[PDB]
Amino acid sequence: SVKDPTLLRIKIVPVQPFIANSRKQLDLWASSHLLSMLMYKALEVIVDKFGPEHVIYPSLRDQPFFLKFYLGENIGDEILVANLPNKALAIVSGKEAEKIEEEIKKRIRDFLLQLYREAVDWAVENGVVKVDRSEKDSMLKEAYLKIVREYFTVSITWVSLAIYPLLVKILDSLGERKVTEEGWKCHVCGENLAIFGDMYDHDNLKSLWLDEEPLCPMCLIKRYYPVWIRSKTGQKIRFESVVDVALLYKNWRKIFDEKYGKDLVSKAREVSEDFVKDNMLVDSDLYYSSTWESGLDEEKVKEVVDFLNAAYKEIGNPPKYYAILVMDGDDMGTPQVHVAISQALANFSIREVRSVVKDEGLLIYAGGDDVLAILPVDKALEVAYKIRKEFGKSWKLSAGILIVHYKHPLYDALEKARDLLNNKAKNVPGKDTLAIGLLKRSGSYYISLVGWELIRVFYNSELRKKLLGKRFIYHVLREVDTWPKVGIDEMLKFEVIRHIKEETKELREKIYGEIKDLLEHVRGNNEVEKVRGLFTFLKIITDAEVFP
């Protein structure tokens, strides 16, 4: 702790607008990973000037960005998760403080500009932007340069110096103030000028861009970033599309490939060479008959539809839904103790979340108290529960899980999932809540707010064991659309009795009991709403279109 000790805070924004409008999983991953990369660029300045132990939060001890890009360790696929938060604080000597602010702003600025230059070279060379090698240099003109340059605001503030917590709660003040100090649009985000959008007409713009959807510098950077990463590391995310996550359901793709796979790729090539690339389907949505029927020789297409249906009949229907899991710690909250809680969170987000998600879906971000993952629907509930338990062992957590159809617009899905977390789970008194929602392709939306222990109770329950029945759920739910005049207890006893050898006597007794127990852990201020919660939950996890 030397010398002229100063406490310094860094915040990088925007986060949610940047990550928010992402039209594809790969973009979403790239937004998240790039943001964390920016924080790496920031903290590296402090490590260079002082040392790793000078960063109080986040704790750098296990950080894969530092192990790889700093020390050169070979860490493999772990590098694909973003673990670095957009806020940090460190201890620096007061004389260094301003020097450090400048150096950081600059390093982020220059990093982004370099990515952008590399990005246009890549774009022109790979034909994502169809333009001569002459006019590539118009893409580098001062305007777009200034867009890249000013896109992220990096706020830095420092207080001088056991009353530690006091001033610790101060810098978010000047740091709260600093964030507030300040042609044709892009077709992806919509929020920035498109590259050629100023010097050209619309048709003159849309035409020359790949898929007639021009990008601003920011989204061009997003598009290049996974290639940047696959060159700097040898790594690329295992599942590029949400369909690829969706099909992890019940190992459906593994078993399908193993049995019917080669035959399918051949049937598809037999239709057209353009559906098959490297003895694989060009699109994972091609595992769906529905896509062969609609979206785009019709006899050999019928042959693929027939083939698929047959295979479904043997192996089961194809999964069309996936889950977005969003988690955040509730009300989260002495310098050595600050380091202790920081290291606790770091171990959680780097080690433990990873160890529960693993290969079973895509972990995009673990930022200490925050998590973002895309999961197959049959892993969503247990991944959320297990991560919750892990966090408790380090303390409480709310989550939202949006189950959505593969064709639903990603930015809207993320908006909704994040809404589930913030406007529902977080608005329950005491919080510590899971908000589950299911947005059916038809457009009907089902939400249920439960407590974490509803998952364990339901897990162990005979009721669950039996549920794998339907008419039951439908009837109890039909009863609570408004409410039974006969009251809840009576309606429930009636309904249980109505759907169960004579061992029924005990079964009915235990179930009714279990339900009562389960009802305890559903959120809501009265029993009818608690039954609605419980039974909507049940309707969701048993839905045959969603869980086929």
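In this text, the rigid core denotes the largest set of C-alpha atoms whose superposition between the two forms falls within 1.5 Å. Numbers follow the displayed sequence, beginning with 1.
When the other structures are laid on the shown form by the rigid core, the stretch among 480 to 488 and 37 to 45 with the greater C-alpha deviation in 5 other deposited structures of this protein turns out to be 480 to 488. Taking the root mean square of CA deviations in 5 other deposited structures of this protein after fitting on the rigid core, 204 to 212 and 423 to 431 differ, and the farther of the two is 204 to 212.
Figure legend: residue 417 is marked as modelled in all of the other comparable entries of the protein, none of which omit it, let alone a third.
Coverage remark for residue 296: absent from the model in at least one third of the other entries compared whose chains are built on both sides. Missing deposited residues between residue 500 and residue 501: 4 to 9, all without coordinates in the entry. A chain break between residue 71 and residue 72 is not present, all residues of the deposited sequence in that interval being modelled. Stretches compared: 434 to 442, 196 to 204. Higher mean C-alpha B-factor in the entry: 196 to 204. Averaged over Cα atoms, the B-factor as recorded in the entry is higher for 285 to 293 than for the other of 285 to 293 and 224 to 232. Highest C-alpha temperature factor among 406, 459, 452, 256, as the PDB entry reports it: 459.
Per the deposited coordinates, the residue with the largest Cα temperature factor out of 146, 475, 389, 238 is 146. Annotation for residue 368: C-alpha temperature factor in the highest third relative to the rest of the modelled chain, per the entry.
Per the PDB record, residue ranking by Cα B-factor puts residue 130 in the highest third of the chain. In the PDB entry, residue 244 places in the lowest third of its chain by CA B-factor.
Ranked by Cα temperature factor within the chain, residue 160 sits in the highest third according to the deposited record.
When all modelled residues of the chain are sorted by CA temperature factor, residue 19 is found within the lowest third.
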